[PDB]
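**Q** Here goes the first bit of my complex:
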Amino acid sequence: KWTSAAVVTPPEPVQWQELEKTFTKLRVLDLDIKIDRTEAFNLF
Amino acid sequence: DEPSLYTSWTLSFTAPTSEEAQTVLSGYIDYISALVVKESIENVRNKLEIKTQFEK
């Protein structure tokens, strides 16, 4: 009878900043690691 | 023929009330996000565990 709808898009860089701070501490500890924005969408 | 400028998906839920439809769809998305967040931070921790195990 009634349909609710959303339209979702892969996330944008501004939403990743907290995540990026983490990857930066680890980079210094010689551990190169990331979460691809599009992969996180696809997993969603 | 014309690939769109950005990926996008339409998610939808259908119910007897309009408000019920909105509430279930919104809550399911939230729930799914929590799973993506959780398992993602756990990948990162896992990689740190392996880096540490190795180096040590």
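**A** Arrived safely. Residues are numbered from 1 along each chain as shown, chains lettered A, B, ... in the order given.
**Q** middle-most residue in chain A, spatially?
**A** Nearest to the mean C-alpha position of chain A, counting by C-alpha atoms, centre = their mean, stands residue A:37 at 4.1 Å.
**Q** tell me the contacts of it?
**A** Contact analysis of residue A:37 by C-beta atoms under 8 Å, 6 or more residues apart in numbering or on different chains lists A:10, A:11, A:12, A:13, A:16. The C-beta positions use only the backbone N, C-alpha and C, and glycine is treated the same way.
**Q** For those residues, which PyMOL command selects only the ones that are buried?
**A** To isolate the buried ones among those in PyMOL, judged by 16 or more other C-beta atoms under 10 Å in any protein chain shown, type:
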select buried, chain A and resi 10
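**Q** so which of the contacts of residue A:37 are also by chain B?
**A** residue A:10 (C-beta under 8 Å from any C-beta of the partner chain).
**Q** Now stretch A:24-34: buried residues?
**A** Residues of stretch A:24-34 classed as buried by neighbour count (16+ other C-beta under 10 Å): A:26, A:31.
**Q** Chain C next, sequence below:
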Amino acid sequence: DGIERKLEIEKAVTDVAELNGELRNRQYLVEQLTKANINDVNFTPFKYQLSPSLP
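**A** Placing chain C onto the earlier chains gives this:
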């Protein structure tokens, strides 16, 4: 005369790290790796063009 003393010294080395920078630094890196933890960072794995609508 010199070799005699160098030998005495080499036989008394207890920690190989004492004379080796790289090995001190690796011990550092490991301490730092063990110290580090990952916060519960919240993020959203998408961006709404349209958030769930009230039909």
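**Q** What about the buried residues of stretch A:24-34 again, now that chain C is present?
**A** A:26, A:29, A:31.
**Q** ends of it, how far apart?
**A** From its first residue to its last, stretch A:24-34 covers 9 Å (C-alpha to C-alpha, to the nearest Å).
**Q** contacting residues around it?
**A** With C-beta under 8 Å, 6+ apart as the test, stretch A:24-34 has contacts from A:23, B:44, B:47, B:48, B:51, C:29, C:32, C:33, C:36.
**Q** For these, which two are the farthest from each other?
**A** Among those, the pair separated by the greatest distance (C-beta to C-beta) is B:44 and C:29, at 18.2 Å.
**Q** Look through chain A and tell me its longest helix.
**A** With secondary structure taken from DSSP state H, chain A has its longest helix at helix A:17-28.
**Q** tell me the angle of it relative to helix C:21-35?
**A** Angle, helix A:17-28 to helix C:21-35, by axes from the mean of the first three to the mean of the last three C-alpha atoms, to 10 degrees: 150 degrees.
**Q** from the middle of its chain, how far away would the next helix or strand along the chain from helix A:17-28 be?
**A** Downstream of helix A:17-28, the next assigned helix or strand under DSSP states H and E is helix A:37-43. Its chain's C-alpha centre and that of helix A:37-43 lie 7 Å apart, by C-alpha atoms, centre = their mean, to the nearest Å.
**Q** Sequence for chain D below, add it please:
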Amino acid sequence: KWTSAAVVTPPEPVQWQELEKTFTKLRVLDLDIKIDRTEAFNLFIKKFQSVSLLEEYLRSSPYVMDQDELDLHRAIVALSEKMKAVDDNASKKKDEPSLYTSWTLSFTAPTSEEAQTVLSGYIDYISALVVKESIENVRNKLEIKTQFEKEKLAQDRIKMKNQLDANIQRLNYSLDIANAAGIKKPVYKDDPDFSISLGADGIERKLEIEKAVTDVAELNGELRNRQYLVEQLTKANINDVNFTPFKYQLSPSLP
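**A** Placed with the earlier chains, chain D looks like this:
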């Protein structure tokens, strides 16, 4: 009844000059970043097509709110169905390239005035969103650059205190060996593990010196200069710079 129209293309180099100045400050500090002119255009288009952003613009617009309960929502949904964006090169497809990109933005209204005030308003609204987020990204990149360098320096200092401490031990041993071998004055070759050609007198003094070293940057200019870099990154900031993320070919018409 009255459709107002606008035609937009990616922005041009002349519109990007304040931006370019800012990127130049950062380039000096070893940070190489731009806002791509086409990416800012695409972001404007994406944003423009966001129905949630459009509803928010409408609700927040005093002009719109003049034109009464929970039909409010319905009127909004209905109004929001009259913003359209079309790529001018979708219709008439491939094989005939596009010299320039270009989109048609439009709003249809009861009156001529209404359609033009609402297309402009909405455009300027979305445009501000692109500007705000684009500066945000730039600021974020600066934040990360700074975090990284600051952290790497801390690490490099500890790595060198370590290397220096290992050297002090070696030097202690060089001293014993030189003494045993009777080299007091410099030799007039060397052992590869414990250098002694300097002689015990010279080594003693070299040894007090290395032991009295506190800040490893004292004798290392690359560290002084990394310290300097981090001071500069920390002091640098990105000003609220204003730009438009498109060039009008047709600015919103009066039908």
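**Q** please look at the buried residues of stretch A:24-34 again, because chain D has been put in.
**A** Those would be A:24, A:25, A:26, A:27, A:28, A:29, A:31, for stretch A:24-34 by 16+ other C-beta under 10 Å.
**Q** cool, stretch A:5-23 as well?
**A** Within stretch A:5-23, the residues scored as buried using 16+ other C-beta under 10 Å are A:5-12, A:15-17, A:19-20, A:22-23.
**Q** So stretch A:22-30, near chain D or not?
**A** Yes. Part of stretch A:22-30 sits near chain D under the criterion C-beta under 8 Å from any C-beta, namely A:24, A:25, A:27, A:28.
**Q** Sorry, wrong one. I was asking about stretch A:13-21.
**A** Yes. Residues of stretch A:13-21 contacting chain D under C-beta under 8 Å from any C-beta: A:13, A:14, A:17, A:20, A:21.
**Q** Just give the closest residue to the last one, not the sequence neighbours.
**A** Pointing back at residue A:21 there. With C-beta to C-beta, 6 or more residues apart in numbering or on different chains as the criterion, residue A:21 has its nearest non-adjacent residue at 6.6 Å, and that residue is residue D:147.
**Q** got a list of what the one you found touches?
**A** Residues in contact with residue D:147 (C-beta under 8 Å, 6+ apart) are A:21, A:24, A:25.
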